[PDB]
Amino acid sequence: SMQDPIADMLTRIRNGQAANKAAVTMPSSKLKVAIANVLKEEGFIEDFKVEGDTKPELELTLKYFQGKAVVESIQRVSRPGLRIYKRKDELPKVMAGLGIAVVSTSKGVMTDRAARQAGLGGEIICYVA
Amino acid sequence: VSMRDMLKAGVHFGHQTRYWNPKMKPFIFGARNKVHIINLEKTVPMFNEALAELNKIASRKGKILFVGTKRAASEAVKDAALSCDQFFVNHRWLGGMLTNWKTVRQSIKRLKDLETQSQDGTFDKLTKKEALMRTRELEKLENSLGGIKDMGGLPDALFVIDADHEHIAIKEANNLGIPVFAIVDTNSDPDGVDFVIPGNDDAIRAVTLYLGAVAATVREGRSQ
Amino acid sequence: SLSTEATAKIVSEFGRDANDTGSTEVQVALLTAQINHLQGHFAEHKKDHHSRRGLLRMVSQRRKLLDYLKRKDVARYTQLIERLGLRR
RNA sequence: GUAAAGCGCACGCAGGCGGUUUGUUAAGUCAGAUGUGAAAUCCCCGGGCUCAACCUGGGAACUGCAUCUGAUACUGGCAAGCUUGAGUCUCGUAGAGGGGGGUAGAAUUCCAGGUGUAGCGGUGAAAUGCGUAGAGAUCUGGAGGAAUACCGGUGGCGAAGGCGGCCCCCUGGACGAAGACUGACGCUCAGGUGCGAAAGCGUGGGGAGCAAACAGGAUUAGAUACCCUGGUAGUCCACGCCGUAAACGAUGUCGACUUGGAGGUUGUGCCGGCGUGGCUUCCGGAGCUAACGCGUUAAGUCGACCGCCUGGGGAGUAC
Ligand SMILES: [Mg+2]
Ligand SMILES: [Mg+2]
Ligand SMILES: [Mg+2]
Ligand SMILES: [Mg+2]
Ligand SMILES: [Mg+2]
Ligand SMILES: [Mg+2]
Ligand SMILES: [Mg+2]
Ligand SMILES: [Mg+2]
Ligand SMILES: [Mg+2]
Ligand SMILES: [Mg+2]
Ligand SMILES: [Mg+2]
Ligand SMILES: [Mg+2]
Ligand SMILES: [Mg+2]
Ligand SMILES: [Mg+2]
Ligand SMILES: [Mg+2]
Ligand SMILES: [Mg+2]
Ligand SMILES: [Mg+2]
Ligand SMILES: [Mg+2]
Ligand SMILES: [Mg+2]
Ligand SMILES: [Mg+2]
Ligand SMILES: [Mg+2]
């Protein structure tokens, strides 16, 4: 059964990018929307939108730069079988700072750099590069 | 070149849907009586862009190799090339013609080494056996390397007809970095192709239309 | 399996309506009816293993529904198991 | 997958994991602080022995623990929901799914008789064997057991093992179309439990054909074989046991996602055409792979949980 919607969303992005899809759609959730907001404001996806009243669907517009997918790698880190939390001193750098780690802090879901600037740790959702 | 003449020449008739290369999907329009219709509303800018990139290439000391051996093209692709002082290959592409130019160049060296003997008379000196042999060597090197005798070297563009049939010539172009302009049908891959003209590449009228357009464009480029 | 009439009768008795075919009490009562009925079949056909797999599936589903009901509403659970004569 | 390695298959307790929304909590988590974390040691900065080793002053560090005060995104608890996962109902559909009973036709063998007469049978060739006490062949009648030609199909059904004439009785699952209903009731599963080809074992039946063992005839240097002529367990039935197979896709289960082509089978919608579901065969793209290959039924891209491996032999043996 489906037991990690976030890994599912990351996999949908990864597979759609590999397949050169212009967009991917998945069932929505507020956590997925927060992650997509981080992805969009960091430049990894073009845009996202949610449609539907009782069964919301989240659609992500993927982006490509020069025939290449922009999301080079996208990887789940904390997962249901093994949760990963980091204090602010031990927040991971992704690709020596050229990528991002998406962190759920008590002030919301943000990049590792934003969490570092806010002086917070949290759950390491995924690495995007 | 504008839409109506493409319908007249049947540019929009592709192959049967079962022989399609899924990567042609973006130029496909429908599947009529189970055959694929090409979206000519893209054959145009695409083609018109191909015709401008050629010009830019020609108009600048340009060397355009036409490529079309499919027997419903050989004759057709010679004259279009012949009409613009360009080179052609309309009888089987010899594996290596480009990548193996240093060897192939020696056989054209043989074509002139021997053609210039069909006139100098040298044959008036054989046991009728060896001269009627050197002639088979002529009509043979004339059949394949006949249209690239004057190329005197590698080209600045290929204008291939049927990226599927001419897959060897394109991989060679790609390997050497010479741009490829080609008619890719609904059964062919446009991957190694630099200018894709989605369109029919086995109807005589469509191939004649493309060849005429390219030859006129190259003549304009050289004249300017 | 249960006939249309026996199924509809159980649905009317245990359901909160004749349309309420999905409530846990209705599902458990239908399963209990079929299990009790099949006791006679398997008393005669002891080597009918293939059918007995379906019977054991009925038993397992009923156990799961009863556990769900007990965790969800213990009073409904108690009423149900008293009406149907189930140990637990 | 083939190098060592997916339990034969399944159900399922403990356990691990858990769709979506709101509130609440603040356990996990995170932030700050306080106490503590001996000194030495390590590390950084200095200082002393001519240098160094050594000695030594301050720091850092001791990633820990406890407490207090905050944060509330995620995870957990609690409360209320929701319907998309899971399930119930209604109507139909295909099927060698299972259990029980009955029955049909073909054939083999045996028994009785008729006709008939010198061979039959068998092999590479023979011989053993059968036959004038009348075989073999052919006809009639009877007995009995086992299996169901054709249909029949990289067809179907089943969790796997498996399942094939026809008819009835009892019974399990799957699938499709419209809805209605329940409202996360789910997934996986150590231990446990159940099922589990063939052979084998126990008791009682049955025994046509076939056939381990066994006997004879050949072959051969030998021939405890392959070939031949016979032939008993067994193969069949009931009930119990055994629990293993190259039990194989040598590929654990569940869910999601990701270009195509040609078929098979089984539903269903609309007008032979166009859709839309289930199962399934072959080819192949990206990707993957040591390669072979796999390729939407993945060996691709991911998540949950379990099983299992760690050079060859000794050994799946000894105790
Ligand atoms: Mg092996
Ligand atoms: Mg192995
Ligand atoms: Mg297996
Ligand atoms: Mg299970
Ligand atoms: Mg949850
Ligand atoms: Mg706390
Ligand atoms: Mg200390
Ligand atoms: Mg000093
Ligand atoms: Mg010190
Ligand atoms: Mg909560
Ligand atoms: Mg076990
Ligand atoms: Mg047996
Ligand atoms: Mg026995
Ligand atoms: Mg016998
Ligand atoms: Mg024998
Ligand atoms: Mg075994
Ligand atoms: Mg088998
Ligand atoms: Mg098999
Ligand atoms: Mg195995
Ligand atoms: Mg394949
Ligand atoms: Mg042993």
Side-chain angles (χ1 to χ4, degrees), chain A residues 1-21 24 26-32 34-35 52 54-57 74-76 78-90 102-110 115 118-125, chain B residues 16-23 25 33-34 189, chain C residues 1-2 4 7-8 10-11 15-31 34 37-38 40-42 44-61 63-72:
Chain A
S1 66
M2 167 62 70
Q3 283 165 50
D4 190 354
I6 302 313
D8 182 74
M9 150 186 201
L10 306 184
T11 287
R12 290 195 192 223
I13 288 157
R14 196 197 299 113
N15 290 358
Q17 289 268 250
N20 286 296
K21 312 306 292 278
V24 295
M26 65 222 48
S28 193
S29 56
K30 60 155 145 192
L31 180 55
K32 280 182 222 201
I35 286 152
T54 186
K55 274 132 86 170
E57 289 275 302
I74 179 157
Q75 160 190 9
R76 188 79 157 123
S78 167
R79 61 203 174 62
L82 175 43
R83 300 279 174 183
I84 298 301
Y85 313 98
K86 296 308 179 167
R87 291 177 100 240
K88 60 139 161 69
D89 326 293
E90 60 205 25
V102 178
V103 185
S104 179
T105 75
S106 72
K107 292 319 220 220
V109 166
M110 75 189 67
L120 311 158
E123 189 172 351
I124 318 293
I125 295 178
Chain B
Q16 300 156 69
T17 57
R18 89 186 261 156
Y19 296 135
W20 81 316
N21 179 311
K23 289 194 225 155
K25 178 132 176 160
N33 297 321
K34 296 175 260 127
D189 181 349
Chain C
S1 327
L2 285 174
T4 305
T7 297
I10 289 152
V11 167
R16 276 135 284 298
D17 197 296
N19 281 317
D20 185 43
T21 50
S23 68
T24 299
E25 283 97 353
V26 171
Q27 295 193 51
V28 166
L30 293 174
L31 292 177
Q34 198 38 34
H37 171 84
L38 281 173
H41 170 89
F42 290 109
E44 175 176 359
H45 303 300
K46 289 159 217 283
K47 290 318 181 22
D48 191 4
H49 302 303
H50 291 66
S51 300
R52 194 183 270 113
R53 203 171 102 99
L55 164 74
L56 299 166
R57 192 219 266 191
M58 281 164 217
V59 170
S60 271
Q61 295 328 102
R63 176 78 270 137
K64 277 165 171 151
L65 291 164
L66 282 169
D67 291 344
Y68 167 73
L69 187 53
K70 159 164 223 208
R71 151 167 55 84
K72 176 95 154 173

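Each chain gets a letter, A, B and so on, in the order the sequences are listed, and its residues count up from 1. Atoms considered below: every heavy atom in the structure, side chains included; atoms not considered: hydrogens, waters and symmetry mates.
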Are [N] and [M] a base pair, Watson-Crick or G-U wobble, with both contacts under 3.5 Å?
| N | M | result |
| --- | --- | --- |
| D:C309 | D:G152 | no |
| D:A27 | D:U220 | no |
| D:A52 | D:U84 | no |
| D:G155 | D:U63 | no |
| D:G8 | D:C195 | yes |
| D:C294 | D:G287 | yes |
| D:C17 | D:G186 | yes |
| D:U88 | D:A180 | yes |
| D:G19 | D:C82 | yes |
| D:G23 | D:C157 | no |

What pucker do you get for [N] when you go by the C1'-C2'-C3'-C4' torsion?
| N | answer |
| --- | --- |
| D:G183 | south |
| D:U310 | south |
| D:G249 | south |
| D:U148 | south |
| D:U67 | north |

Length of the line joining [X]:[atom1] and [N]:[atom2], which is rounded to integer Å:
| X | N | atom1 | atom2 | answer |
| --- | --- | --- | --- | --- |
| A:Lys32 | D:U84 | NZ | P | 16 Å |
| B:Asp189 | D:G260 | CG | P | 15 Å |
| A:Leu10 | D:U258 | CG | P | 15 Å |
| A:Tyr85 | D:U29 | OH | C1' | 6 Å |
| C:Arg52 | D:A10 | CZ | P | 20 Å |
| C:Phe42 | D:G100 | CZ | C1' | 13 Å |
| C:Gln27 | D:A184 | CD | P | 12 Å |
| A:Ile84 | D:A73 | CD1 | P | 22 Å |

Taking atom P in both D:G307 and D:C65, compute the distance separating them and give it to the nearest angstrom. 30 Å
Same-atom distance (P) from D:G240 to D:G196, integer angstrom: 11 Å
Considering Watson-Crick and G-U wobble pairs with both distances under 3.5 Å, what does [N] pair with?
| N | value |
| --- | --- |
| D:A31 | D:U69 |
| D:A291 | D:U2 |
| D:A177 | none |
| D:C282 | D:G261 |
| D:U253 | D:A304 |
| D:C270 | D:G273 |
| D:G97 | D:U171 |
| D:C242 | none |

For a quick check, tell me whether the side chain of [X] and the base of [N] share a donor-acceptor pair closer than 3.5 Å.
| X | N | answer |
| --- | --- | --- |
| C:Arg53 | D:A159 | yes |
| C:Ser23 | D:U182 | no |
| A:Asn15 | D:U258 | no |
| C:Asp48 | D:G98 | yes |
| C:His49 | D:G172 | no |
| A:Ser1 | D:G19 | no |

Is there a side chain to side chain contact (heavy atoms under 4.5 Å, CB included) between A:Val103 and A:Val109? Walk through the geometry before answering. CA-CA 6 Å; A:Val103 185; A:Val109 166; over 6 Å; no
So, OP1 or OP2 of [N]: does either fall under 4.0 Å of a side-chain N or O from [X]?
| X | N | result |
| --- | --- | --- |
| B:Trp20 | D:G261 | yes |
| C:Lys64 | D:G12 | yes |
| C:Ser60 | D:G12 | yes |
| A:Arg12 | D:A256 | no |
| A:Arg87 | D:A31 | yes |
| A:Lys21 | D:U259 | yes |
| C:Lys47 | D:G240 | yes |
| A:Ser29 | D:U20 | yes |
| C:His41 | D:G98 | no |
| C:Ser1 | D:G172 | yes |
| C:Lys46 | D:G100 | no |
| A:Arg83 | D:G18 | yes |
| C:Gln34 | D:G172 | yes |

Do the non-hydrogen side-chain atoms of C:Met58 and C:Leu38 ever get within less than 4.5 Å of each other? yes
Ion pair check, C:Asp67 and C:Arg71, cut-off under 4.0 Å: no
Check whether the side chains of A:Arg14 and A:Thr11 place a donor and an acceptor atom closer than 3.5 Å, and report yes or no. yes
Among D:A304, D:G240, D:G12, the nucleotide that comes nearest once only the side chain of A:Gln3 is considered: D:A304
Where the side chain of A:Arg76 is defined as all heavy atoms beyond and including C-beta, which of D:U83, D:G303, D:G261 is the nearest nucleotide? D:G303
Could you walk me through whether C:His45 and C:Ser51 satisfy the side chain to side chain contact (heavy atoms under 4.5 Å, CB included) test, starting with their C-alpha distance in whole Å, then the side-chain angles of each, then the deciding distance to 0.1 Å, before giving a yes or no? CA-CA 10 Å; C:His45 303 300; C:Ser51 300; over 6 Å; no
Evaluate the base stacking between D:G37 and its strand neighbour D:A38 against centres under 5.5 Å and planes under 30°, returning yes or no. no
Give a yes or no on whether the backbone of C:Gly22 and the side-chain of C:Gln27 come within a donor-acceptor separation of less than 3.5 Å. yes
More than 12 foreign heavy atoms under 6.0 Å from NZ of B:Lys23: is that the case here? yes
